[PDB]
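# what would the 3D arrangement of this be:
(11 chains, ligands or ions: 7)
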Amino acid sequence: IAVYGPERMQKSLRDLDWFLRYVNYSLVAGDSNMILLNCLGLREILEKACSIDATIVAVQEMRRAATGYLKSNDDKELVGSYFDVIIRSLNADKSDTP
Amino acid sequence: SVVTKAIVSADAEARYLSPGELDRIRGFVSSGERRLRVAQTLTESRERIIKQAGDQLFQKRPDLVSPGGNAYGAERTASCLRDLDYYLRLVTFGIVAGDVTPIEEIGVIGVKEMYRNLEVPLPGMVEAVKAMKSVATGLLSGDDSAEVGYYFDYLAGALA
Amino acid sequence: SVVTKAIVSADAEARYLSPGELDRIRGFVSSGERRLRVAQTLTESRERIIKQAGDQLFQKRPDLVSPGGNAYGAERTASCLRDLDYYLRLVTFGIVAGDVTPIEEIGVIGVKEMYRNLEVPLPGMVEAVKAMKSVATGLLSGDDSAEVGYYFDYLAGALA
Amino acid sequence: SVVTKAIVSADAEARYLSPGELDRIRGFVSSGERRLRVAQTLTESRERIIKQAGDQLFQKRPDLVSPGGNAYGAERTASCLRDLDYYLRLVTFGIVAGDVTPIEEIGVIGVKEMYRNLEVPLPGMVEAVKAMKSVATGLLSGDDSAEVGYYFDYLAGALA
Amino acid sequence: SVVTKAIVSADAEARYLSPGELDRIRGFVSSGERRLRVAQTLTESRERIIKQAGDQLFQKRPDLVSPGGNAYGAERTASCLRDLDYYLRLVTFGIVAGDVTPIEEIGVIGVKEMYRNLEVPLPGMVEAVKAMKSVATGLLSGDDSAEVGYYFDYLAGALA
Amino acid sequence: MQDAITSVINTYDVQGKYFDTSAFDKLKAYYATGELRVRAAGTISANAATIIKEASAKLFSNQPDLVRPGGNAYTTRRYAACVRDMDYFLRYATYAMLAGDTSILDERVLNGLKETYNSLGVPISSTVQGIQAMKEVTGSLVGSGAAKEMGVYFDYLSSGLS
Amino acid sequence: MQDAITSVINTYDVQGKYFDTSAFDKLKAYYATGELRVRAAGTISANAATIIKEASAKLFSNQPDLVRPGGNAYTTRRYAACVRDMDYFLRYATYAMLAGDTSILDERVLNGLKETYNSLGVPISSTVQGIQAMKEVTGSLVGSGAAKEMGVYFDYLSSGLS
Amino acid sequence: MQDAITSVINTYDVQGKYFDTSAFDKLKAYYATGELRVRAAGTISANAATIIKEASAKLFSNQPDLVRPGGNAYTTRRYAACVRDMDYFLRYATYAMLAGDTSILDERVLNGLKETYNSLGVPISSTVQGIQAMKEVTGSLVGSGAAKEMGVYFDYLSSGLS
Amino acid sequence: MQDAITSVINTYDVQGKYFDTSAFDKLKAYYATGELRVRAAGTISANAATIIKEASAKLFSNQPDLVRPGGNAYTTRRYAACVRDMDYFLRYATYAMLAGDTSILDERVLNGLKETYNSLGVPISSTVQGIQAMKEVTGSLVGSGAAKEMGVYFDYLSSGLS
Amino acid sequence: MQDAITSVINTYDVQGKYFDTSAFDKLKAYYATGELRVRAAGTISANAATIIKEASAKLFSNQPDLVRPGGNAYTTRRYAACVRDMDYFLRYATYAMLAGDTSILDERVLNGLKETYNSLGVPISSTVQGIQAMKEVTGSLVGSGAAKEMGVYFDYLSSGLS
Amino acid sequence: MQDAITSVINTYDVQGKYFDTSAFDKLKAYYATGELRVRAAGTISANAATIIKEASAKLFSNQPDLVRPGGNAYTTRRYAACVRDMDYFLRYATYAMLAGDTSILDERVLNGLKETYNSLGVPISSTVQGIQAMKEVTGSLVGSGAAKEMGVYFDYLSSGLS
Ligand SMILES: CCC1=C(C)/C(=C/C2=NC(=C\c3[nH]c(/C=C4\NC(=O)[C@H](C)[C@H]4CC)c(C)c3CCC(=O)O)/C(CCC(=O)O)=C2C)NC1=O
Ligand SMILES: CCC1=C(C)/C(=C/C2=NC(=C\c3[nH]c(/C=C4\NC(=O)[C@H](C)[C@H]4CC)c(C)c3CCC(=O)O)/C(CCC(=O)O)=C2C)NC1=O
Ligand SMILES: CCC1=C(C)/C(=C/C2=NC(=C\c3[nH]c(/C=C4\NC(=O)[C@H](C)[C@H]4CC)c(C)c3CCC(=O)O)/C(CCC(=O)O)=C2C)NC1=O
Ligand SMILES: CCC1=C(C)/C(=C/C2=NC(=C\c3[nH]c(/C=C4\NC(=O)[C@H](C)[C@H]4CC)c(C)c3CCC(=O)O)/C(CCC(=O)O)=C2C)NC1=O
Ligand SMILES: CCC1=C(C)/C(=C/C2=NC(=C\c3[nH]c(/C=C4\NC(=O)[C@H](C)[C@H]4CC)c(C)c3CCC(=O)O)/C(CCC(=O)O)=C2C)NC1=O
Ligand SMILES: CCC1=C(C)/C(=C/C2=NC(=C\c3[nH]c(/C=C4\NC(=O)[C@H](C)[C@H]4CC)c(C)c3CCC(=O)O)/C(CCC(=O)O)=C2C)NC1=O
Ligand SMILES: CCC1=C(C)/C(=C/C2=NC(=C\c3[nH]c(/C=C4\NC(=O)[C@H](C)[C@H]4CC)c(C)c3CCC(=O)O)/C(CCC(=O)O)=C2C)NC1=O
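Numbers count the residues shown, from 1 in each chain, chains lettered A, B, ... in the order given. Ligands and ions are numbered 1, 2, ... in the order given. Below you will find the coordinate block:
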């Protein structure tokens, strides 16, 4: 935390809250399209002042946590897909953004 | 090339070459000898340029040859250096042609989605071509260096 | 203009200027001194050029100033010579511009419609601009005469 | 009318009317007196043509005025006769115009959608138009009957 | 500005500038440098002036920050001090302009209706401006403070 | 568009009435005038280029400013655009004369033209003077009756540009 | 109506920023050229009638058809209105030069001027020629630097009209 | 669009004049700066991504509300649109600097921009702040004289939006 | 366009917070009516032609002058255009009912409707009456529970015209 | 102007008929709603300045760009102009509500407002947001029944601007 | 559509090799011939009208039956088509001479032309004779050194049509 800085830490926390909030919004809307589109260019924004591996680990952690509370196979797989879209977009932007 | 673009532009309006177009072709053919000098000097020292281009690329971005990187492995690093060789050869072709249309037709159109299929990071490509530009402009004189570096900056912008 | 042409060519496909476009702009601004010298000579000698060109045109084609002709009369001969002054001014404009764009935008678009609305014979205009090319390139040196002749010859072909 | 068709055909081509078109207007205005007489004959006999056409239609198609029919009832039969009156007026307009353009603008465009929204059978309309054709062409002479019959034929084809 | 005001006065009378406006403009441009220094003095130490003036205002009128007052709360107090910042910037604009035209145009026209919609007490604004004037005249040296006071005076008269 | 026959058909269709004596008189009037209209139309079609030449020469002789540097008709392109406008005015005046009605002049020439000239900076007074010159030139070639008839539509164009 | 100082004030107000070094540089440049501007404005004010007389004479000599019958400057009232317009152009060019900005030209002179002249029938090219006549006449009286300064405003008027 | 050469050609074409000494002085002055302009344009083409990135960083640091919820940069989509507009402004400033005239800035960028942004909800003031950030970044990379020249066009864009 | 879900999501996204109790209440209310609204939309989709038939019959019985000469619906073309407009209103009311929002009505109907009906001379009051007639017919066809939901959007259209 | 009773009177006058059952039903509907209209009108007249205050505060909180430097509402003058426009909108919406017809909104407010705003540079989107803010502010004050009646007139103003 | 430079670029890129000394010499040859190529192209652009004049005259002189009724060129349409074919052939020959390669003839001239003439029945012999008529004349105007260069391209067109 100390080397990362307060401003970057605020950005990281609000971004985790952001991922969770669009997961909720996508579940309500019925399509994960907002997550997909807002993640199809996020990696190159993040790389210089962020760790993409750290972000992928964080999104996997939220996926596991949210899957924990559901206690239903279909709900678990649906939320897992809505987090897999984040992971997949981050992995797809290994080269530049489309 | 300059002649080809001028001919295409004239053919677009179904007309002859304009006095300005004849002048631009005249300027191109007048300085062709210096372009040949530049291309010959770049070609003669290709293996150096490639080797230390890889050197600054890998020292500036150790993660590429770090485990999990795109360039890890002898074969994958060899393909890295071969891509650098391709682009140096394309730059020499552009020097000869007097414009960047060989770079366009060979190695720019569709480069992004190709390196998307290859997982190849485009910032890594930009750093590699910038190292190539620094070295090549270093071997050449400043008057040459400016026009040689313009093609490399073009390639870097295309990859970026 | 050459610069404007390069900029619009770059802007068409949404990019910064290519090395070839920068090279042609560099060549254009490198030739500014001779362009200004030639335009200065033509402006300095506008009266002499128009006088001699009108004389040669009217001697070669007496029917224009013959009764029943288009240029018959002092006022119509004055209009005839005023047109030559117009086109000499446009040629100087195109010389400083580096291309025939001012010439075309001022005195080539719709010129056939205009001269058909005036009963002005197009072959007469071709002969007039050819004579004015001869007179003008007579004054200028060998290297500059060719590049002025390119402009005059474009204008002649445009009228023809 | 004929003049309007010729003028719009020339206008959409950015040209003056051709001599063939001017011959069209000449021949059309030559036959003006006959067309006016035909229209006057039909206009003076409107009330009799409506009743005879209605009688012929209902005798040929008793279903329309039969119980459960579309024209069954006094008001519906009156509306039927009113439609016949409209189309007779339209035929007179087309006669004076020299083409089916008034019939097409006032009575043909959207007629099928109209009568579908009014659950009015189209075969009944065609039979009514044929009946009115018979009644109206009965009055006129052979040459005038041949002219009016074609307007009624266009109406019948439009309704079918 | 002084120049704009003189031009407007001349235009209202449809006359060129007389020696009076011309030499007052000469005086204004001669004294522009010291006006720039005075503006720099207030610009460099703006936050000191704002904080001191806010403190003095709340001392004189503690009811503004008291419960039920308009400045109650940290956010509303911040908005108060931001308004004071606005007016300080406008006063520096007036100093560099040499006239109260920027102050009047940006912050005096419609100030009553705006502060009425916000329910801001105009008298409280008056003591705020007076506190700002006291501080600014404190920082400035000698005659300079004089003219600065004038601007503040105008602003106070503008708001009361 | 709308012509005299179509105009009568429309005015009797709106009110729902059949043709009466007055309508037949109007139709007969148009039918009688038709032959003269066709002769005039052919004459103007054959001589349109000459009419434009003479009217343009008249206008630019009276107002040389329009073709000198700084004038609206100063270039080959702006001059050609001017003579194109005059050609269109003449052709549509011929169309309206042949139709017998001024509907085409409204919908197809004048609807939006004056705002177009205000945006472009075209002098509309000079344009109306050129239209009047076209009227004067056309009348001599068409004769007295066709001159009155075509002057009706030329004046309609001039007043519409106003 | 904004001068250079007002323009800087506005570009700093719209950003909400206080003045910094660049703004002081711009205002210092204006204060440096202010003395030249004031001297030129005084010279033009003292010699305004002479400038108008010389320029009107030159224009009517180059285009004599204006003051002859059938020209737009043929009557006492129209000649008076012509020299009145030249007085406008000179006075407002003096204002724009003193302010250092061409805003007063888009703002009090050239707005709707083309439409006004086109409605009146005033020649535009001839008016541009008169504006030049004033430019060459004024340059000689004001000297080389003041002529270079006033030329931008005279050319502004000419380009706006043309 | 037009460059300095075309601007001089037009200002002498509307007047019906050949190039005089002042015109050749202006053309020579433009030709003198051509190599500097080409060098600056090539440098900015080489460093466009760096300039856009660091200027966007400066803007979003000084305007944190833009990227927070409710701000007009709050999503990756909306952020990407912002940085594309930044690329627009830098590219057209480079074009204008190379041409030597602000005609392209008014024609292809500034015209209709405020209306488009008002329709979209974009904050014009923050866009001006981003443009000033562009100017600050670009000056260091291009050097003193090129910084003055390119800052002229960034100021023109800012004043057009402001 | 928007729907109820998009409106709620944007309301809570611009603030930056998760769905509160009111959000879940609105979503529950929207979802509860969903099956009734889908049944109504299917009934209207299968039976649009009928609804248009009785609605137009009621309108033209209440106002016969519309379909008599001199009425805006007196022609086969204008009658067809009238019933086509009725079909637009029915279909867009169905779209809005399914969306739960009136955004589609503002975007794709009311934008340009007043200009259209004022240019064409269509009576706006009679159009409001026709929309009301479609309201009663649709309510009779789809049941009272769906009748209220559809009448909300029919009333929106009616108040948009008048 | 015109209200609901005058609307019925005018349609029956143009048709030249005495009142039928439908006219009396419309009049009875207006008489039923009139007392609620009067209550709402008195409520809004009492709380006009308040309603304007919260609506403007809400709009400038949702769109802080307007009041900040470089925003259309950034000046004492421009802010006061915005508040004046909002007061006009509220008063004329109250007039329309009490009348039962939106004709006064068409004539006094909407006929010319779009062109005025487009020439002034006012953002029409933000103005529609301000009208919606007034709508939702006044709905809580007038009560649900009166809120439903006032909403149609606020929607009418919003659609007229859009 | 490739010149000599692009031709060697492609022949070296396809094998994946860098330029050799022989490649540099072959480039040197074209760079040396470029000036005479440009001069020949300029003279050809100058006289293209004249070569078309004489080529049509000579072709219709040596073969009489084409212009006469029943001939391959017997119409004003077919006459214009034939002269246009000569114009396009000569322009493309000039293009190929500038480029120094015959690829442009394949990719814009012989691309579908041969079977087009076969379906149209155009006599290949007459076209080939026209090509000799064109080149034997153009060689005189361009000079022997440029004549031999134009010869290969004209012969290539002949062999393609043959
Ligand atoms: C839900 C859809 C969505 C997300 C998440 C999103 C994130 C996002 N984070 C940003 C900044 C940032 N984001 C981060 C890092 C954070 N980023 C996270 O993925 C990590 C968990 C974490 C660090 C480990 C940092 C350090 C910044 C500061 C600016 C920079 O990186 O250059 C920005 C650029 C705008 C700004 O500078 O404020 C975006 C667009 N945008 C979206 O439309
Ligand atoms: C002349 C036009 C042209 C180009 C440019 C081109 C690039 C190219 N590089 C490839 C492999 C590769 N290229 C690279 C190099 C990249 N990855 C590293 O991180 C660096 C950042 C960067 C080089 C500086 C690597 C690591 C591979 C191996 C990828 C794989 O095998 O999946 C491949 C896959 C096919 C093969 O290797 O034979 C292509 C097509 N091909 C072309 O026909
Ligand atoms: C700057 C672009 C430009 C050009 C070129 C131009 C040409 C031009 N030439 C004109 C007349 C004329 N032009 C000519 C010249 C022709 N007579 C002979 O046939 C010769 C072959 C030939 C001259 C070499 C003559 C004789 C007239 C007088 C015709 C007349 O007034 O009846 C006119 C009409 C002037 C008027 O209103 O009286 C124009 C506009 N105008 C322009 O704005
Ligand atoms: C000038 C162009 C035009 C036409 C043609 C036209 C026809 C028309 N016919 C109508 C009704 C009718 N039309 C008919 C006629 C049908 N009955 C039988 O089935 C026959 C097949 C057929 C006649 C031969 C009948 C019976 C009605 C009354 C039906 C109803 O009550 O809706 C109506 C409904 C309003 C009214 O009754 O006045 C129209 C508008 N309207 C126009 O503006
Ligand atoms: C979904 C958005 C949309 C709307 C709203 C719309 C309405 C619309 N109605 C039109 C015509 C028309 N609309 C009507 C409407 C009828 N007149 C009667 O009096 C009734 C009161 C009323 C309906 C109950 C009529 C009669 C016309 C023909 C007008 C004419 O052609 O002169 C037209 C002109 C184009 C055409 O004729 O097809 C439009 C654009 N179009 C659209 O794309
Ligand atoms: C550049 C010229 C200019 C000025 C001056 C200006 C004043 C101004 N004052 C405001 C609010 C305010 N202004 C004040 C200041 C008051 N507090 C105490 O009562 C004092 C009597 C007084 C200051 C001495 C306060 C407390 C508010 C907040 C009111 C609220 O939040 O409702 C606001 C609204 C800010 C927003 O909505 O975000 C503006 C625009 N606007 C301008 O464009
Ligand atoms: C740019 C490359 C190119 C060219 C030049 C070309 C020419 C060409 N000539 C055509 C007809 C024609 N071509 C010719 C010319 C032929 N007949 C005789 O005069 C001569 C032997 C010979 C001249 C070389 C003629 C006379 C016609 C019209 C006769 C017909 O209808 O068959 C056509 C058919 C379509 C049309 O004319 O609009 C084409 C496409 N096509 C191309 O892709």
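
# residue B:21 is in contact with residue B:11, isn't it?
No - judged on Cβ atoms under 8 Å, residue B:21 makes no contact with residue B:11 at a distance of 11.1 Å. To be clear about C-beta, it is placed using only N, CA and C from the backbone, and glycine gets the same treatment.

# same drill for these two, tell me which one is more crowded.
residue B:21 (25 against 17; other Cβ atoms under 10 Å in any protein chain shown).

# before we move on, what SS does the more buried one have?
helix (DSSP: H, G, I helix; E, B strand; the rest coil).

# repeat for the one 3 residues further on
With three-state DSSP as the basis, the three-state label of residue B:24 is helix.

# what sits against the closest residue to it other than its chain neighbours?
Closest residue in space to residue B:24, ignoring its immediate chain neighbours: residue C:24 at 5.1 Å, by Cβ to Cβ, 6 or more residues apart in numbering or on different chains. By Cβ atoms under 8 Å, 6 or more residues apart in numbering or on different chains, residue C:24 lies in contact with B:2, B:24, B:27, C:2, C:6.

# looking at the residues you listed, which are in helices?
Counted as lying in helices by DSSP state H, out of the contacts of residue C:24, are B:2, B:24, B:27, C:2, C:6.

# including distance to residue E:74, could those residues go into CSV?
Converted to CSV, the ones in helices among the contacts of residue C:24 look like this (distance: Cβ to Cβ, whole Å):
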residue, distance to residue E:74
B:2, 67
B:24, 67
B:27, 68
C:2, 62
C:6, 57
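
# give me the element the residue in chain B positioned nearest to ligand 2 is part of.
Closest residue of chain B to ligand 2, Cβ to the nearest ligand atom: residue B:124 (2.9 Å). In the assignment (DSSP states H and E), residue B:124 maps to helix B:122-139.

# residues from chain A in reach of ligand 1?
Within chain A, the positions lying close to ligand 1 (Cβ under 6 Å from any ligand atom) are A:8, A:11-12, A:15-16, A:18-19, A:22, A:38, A:42, A:45-46, A:48-51, A:54-55, A:58.

# go again with 8 Å.
For chain A, the contact set with ligand 1 under Cβ under 8 Å from any ligand atom comprises A:4, A:7-8, A:11-12, A:14-16, A:18-19, A:21-22, A:34-35, A:38-39, A:42, A:45-46, A:48-51, A:54-55, A:58-59, A:86.

# hmm, back to that, which one of the contacts of residue C:24 is nearest to chain J?
residue C:6 (34.6 Å; Cβ to the nearest Cβ).

# need the nearest residue in space to that closest one, chain neighbours excluded.
Per Cβ to Cβ, 6+ apart, closest to residue C:6 is residue C:21, 4.2 Å.

# I'd like the next helix or strand past the biggest helix by length in chain F.
Secondary structure assigned by DSSP H gives helix F:21-46 as the longest helix of chain F. Counting by DSSP H and E, the next helix or strand C-terminal to helix F:21-46 is helix F:48-62.

# how about the helices in chain A?
Going by DSSP H, chain A shows helices at A:6-29, A:33-39, A:42-47, A:52-70, A:73-92.

# how much space between the closest residue to residue A:43 other than its chain neighbours and chain K?
Sequence neighbours aside, residue A:93 is the residue nearest to residue A:43 in space, at 3.6 Å (criterion: Cβ to Cβ, 6+ apart). As defined by Cβ to the nearest Cβ, to the nearest Å, residue A:93 lies at a distance of 31 Å from chain K.

# before we move on, what about residue B:3?
5 Å.

# correct me, but that residue touches residue K:1?
No - checked against Cβ under 8 Å, the pair residue B:3 and residue K:1 is beyond contact range at 11.1 Å.

# so which residue is smack in the middle of chain F?
Centroid-nearest residue in chain F, with Cα atoms, centre = their mean: residue F:93, separated by 2.5 Å.

# how close does that one sit to residue F:101?
12 Å (Cβ to Cβ, to the nearest Å).

# and for residue B:129?
In terms of Cβ to Cβ, residue B:129 sits 72 Å off from residue F:101.

# again with residue F:81
Distance from residue F:81 to residue F:101, by Cβ to Cβ: 28 Å.

# residues touching the residue of chain B closest to ligand 2, list them.
So residue B:124 contacts B:57, B:61, B:64, B:70, B:71 (Cβ under 8 Å, 6+ apart).

# if we can go back for a sec, surely the residue nearest to residue A:43 and residue A:40 touch.
Yes - Residue A:93 is in contact with residue A:40 according to Cβ under 8 Å; the separation is 7.2 Å.

# out of the two, which sits in the busier spot?
Each of residue A:93 and residue A:40 has its neighbours counted (other Cβ under 10 Å); residue A:93 has more, 22 against 19.

# okay, now the residue of chain F found nearest chain A: neighbour count?
Residue nearest to chain A within chain F: residue F:119 (41.6 Å; Cβ to the nearest Cβ). Residue F:119 has 8 neighbours, counted by other Cβ under 10 Å.

# hmm, the helix or strand containing it touching chain G?
Using DSSP H and E, residue F:119 sits in helix F:113-120. Yes - for a cut-off given as Cβ under 8 Å from any Cβ of the partner chain, helix F:113-120 has contacts with chain G, namely residue F:118.

# would that helix count as contacting chain J?
No - Helix F:113-120 stays clear of chain J (Cβ under 8 Å from any Cβ), getting no nearer than 13.7 Å.

# for that helix, which helices and strands make contact with it?
helix F:124-142, helix F:144-161 (3 or more Cβ pairs under 8 Å, 6 or more residues apart in numbering or on different chains; DSSP states H and E).

# identify the residue spatially nearest to the residue nearest in space to the middle of chain B, adjacent ones excluded.
By Cα atoms, centre = their mean, the mean C-alpha position of chain B lies nearest to residue B:91, the distance being 3.3 Å. Excluding its sequence neighbours, the residue lying closest to residue B:91 (Cβ to Cβ, 6+ apart) is residue B:151, at 5.2 Å.

# quick one on the thing from earlier: neighbour count winner among residue B:129 and residue F:101?
More crowded of residue B:129 and residue F:101, by other Cβ under 10 Å: residue B:129, with 26 against 23.

# quick revisit: what about the helix holding residue F:119, distance to the chain center?
Offset of helix F:113-120 from its chain centre (Cα atoms, centre = their mean, to the nearest Å): 18 Å.

# list the contacts for the residue of chain A found nearest ligand 7?
In chain A, the residue that lies nearest ligand 7 is residue A:98 (39.3 Å; Cβ to the nearest ligand atom). Neighbour list for residue A:98: A:40, A:41, B:112, B:113, B:116 [criterion: Cβ under 8 Å, 6+ apart].

# any of the residues you listed buried? List them.
A:40, A:41, B:112, B:116 (16 or more other Cβ atoms under 10 Å in any protein chain shown).

# and the contacts of residue A:98, which two are furthest apart?
A:41 and B:113 (14.9 Å; Cβ to Cβ).

# chain neighbours aside, what residue packs nearest to residue A:59?
Residue A:59's closest residue in space is residue A:86 (Cβ to Cβ, 6+ apart), at 4.9 Å.

# tally of neighbours for the one you found?
For residue A:86, the neighbour count with other Cβ under 10 Å is 25.

# and what of residue F:28?
Residues within reach of residue F:28, counting by other Cβ under 10 Å, total 13.

# what's the distance between residue A:71 and ligand 3?
Using Cβ to the nearest ligand atom, to the nearest Å, residue A:71 is found at 86 Å from ligand 3.

# sorry, back to before: wondering if the helix or strand that contains the residue nearest to residue B:91 reaches ligand 2 at all.
Per DSSP H and E, residue B:151 falls inside helix B:142-159. No - using Cβ under 8 Å from any ligand atom, we find that helix B:142-159 stays clear of ligand 2, coming within 9.6 Å at best.
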